[PDB]
């Protein structure tokens, strides 16, 4: 974002109240990982070539929920609706992104700044913009770099989002958690990658590509050695991801 919109005092209070409601609900239900995936899938369809897609509430749409990459997100939508209903003033766009920021916070992650003002767009973006787990470097730069407009550093920091969660065979075809503490947000994702594959944990082709790249590799090593650096770079990347196509840029 560059020039953030001025929201009404009631909209602002709505946001402050929804944040508190989301914290308790997400904490109690232990669904932080799925909610972060929802926020990421909502924001990651932004394509700078056409200036379409992005964090604009379209994911709740049937057309978009039908995308292969969105398998299982229907439960995230259904989960949050009860809370969303108490806030008709807030847009789905802002709401899902606020949930994502809360998901990181509740699990012990850095506090990502949030700015309201996103509007809900009527039509969902076409399928195929989100990353393929079976691909590598080339693909990652095309998706995050060419389409989204993010930096190489951002790619690595955001991949760290896998520090929480796990894959489910019926949703993506892969299975298992990336770390030993799938509900704690830390830099352990990078250490697992550096220590090679092991039975109980999951490592996707896309995660491994970070190990063989000349730019990615030294960042994976820094993050594994210093959590504070990982957190600051993650916050920076998540903030930009969430405002893709919003408030000027």
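Numbering follows the first chain given and starts at 1.
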### Query
Averaged over C-alpha atoms, is the B-factor higher for 56 to 64 or for 190 to 198 in this PDB entry?
190 to 198
### 126 to 134 versus 107 to 115 - which carries the larger mean C-alpha B factor in the record
126 to 134
#### Entry: Highest-ranked of 142, 154, 94, 74 once sorted by CA temperature factor in the record
142
### Task
Among the candidates 82, 149, 100, 177, give the one with the maximum CA B-factor reported in the record.
82
### Task
Would you check the entry's CA temperature factor for residue 217 and let me know if it's in the chain's lowest, middle or highest third?
middle
#### Entry: For residue 210, the third of its chain into which the C-alpha B factor falls
highest
### Task
State the tercile, meaning the lowest, middle or highest third, of residue 89 with respect to the CA B-factors recorded for its chain.
highest
### Message
For the chain shown, is the CA B-factor of residue 171 in the lowest, middle or highest third of its modelled residues?
### Response
highest
#### Entry: Modelled-residue ranking by C-alpha temperature factor, third containing residue 13
highest
